[PDB]
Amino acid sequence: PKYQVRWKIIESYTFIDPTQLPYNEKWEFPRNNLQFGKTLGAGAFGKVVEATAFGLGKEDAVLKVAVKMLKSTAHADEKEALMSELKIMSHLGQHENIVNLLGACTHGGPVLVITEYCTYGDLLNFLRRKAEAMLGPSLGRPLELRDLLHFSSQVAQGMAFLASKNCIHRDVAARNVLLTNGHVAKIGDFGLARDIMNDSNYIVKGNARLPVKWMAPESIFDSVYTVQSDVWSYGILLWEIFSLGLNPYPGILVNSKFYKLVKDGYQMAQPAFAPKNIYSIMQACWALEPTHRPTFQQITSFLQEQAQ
């Protein structure tokens, strides 16, 4: 019922309490120096809105940002989740292949979290509209196999960075990958700003809405989340990419049988656009034994090599 932050930092499994993380007032930014535009994504209690920031950063830039905020329908545990998210992003630091923190507004009003604007939006929709744009002439530059490999390595690169900081995403999916200028992939998370209550990709499992089709077995059955369980989810993401945005396990209802099959080593078939090389990587990510899955660094070095 109560919303909890998605990413987790391990210290020992012992997770650190994000509410205990410091908030540097250096990230502080005047809310008046923001001019909001259209909403980029909205959930039940939160949303992400595009905006122009004036004098943001060291070079006093005037650029377009994405700003995350809560609605009025938010309780004390959304308010805390947003603050924990902010503290986590600060702690992690910056990387080219994640959605970076640009600033925050914590004084004189609701908490606003300012992040990078990614002009092409989420990866899943990009791939879907892209496939449609290519089938068009039969019925923007088209995609090539190299683009898929680049997207994949870029996300794995961002996930490699997170793991190096002992950070666990817990919702790795194409819907949570953003595409910025030059079509560079960045791993983020809409979280509060996603309509999970009406998203068919999120299944009711007891008292939660979970992205079951992206989840490792140990997460589904034991509620265990590791870097390795993210790797499983990455394998599903890899399948999303090389199928140009198909739903995982197409047509299959999530039920007792589905959980049974997953547990018993059932794996999706090779996607239409995946080289044998890449399907093997998927299969490795779907090892039932977590410590037998590849590390994000192994995946990154392999995919970078594949992108030539």
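For every residue, the number given is its place in the sequence shown, counted from 1.
- In this entry, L139 and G140 are separated by 10 or more residues of the deposited sequence that lack coordinates.
- The gap between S12 and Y13 holds 4 to 9 unmodelled residues of the deposited sequence.
- Higher mean CA temperature factor between 113-121 and 76-84: 76-84, per the PDB entry.
- Between 38-46 and 278-286, it is 38-46 that carries the larger average Cα temperature factor according to the deposited entry.
- For the set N207, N176, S229, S153, the maximum C-alpha B-factor listed in the entry falls on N207.
- Within the selection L238, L145, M159, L127, the deposited Cα B-factor values reach their highest point at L145.
- In the PDB entry, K213 places in the lowest third of its chain by CA B-factor.
- Ranked by C-alpha B-factor against the other modelled residues of its chain, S164 falls in the middle third.
- Looking at the C-alpha B-factors along this chain, the one for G108 belongs to the highest third.
- Ranked within its chain, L101 lands in the lowest third, by CA B factor from the PDB record.
- Annotation for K64: C-alpha temperature factor in the lowest third relative to the rest of the modelled chain, per the entry.
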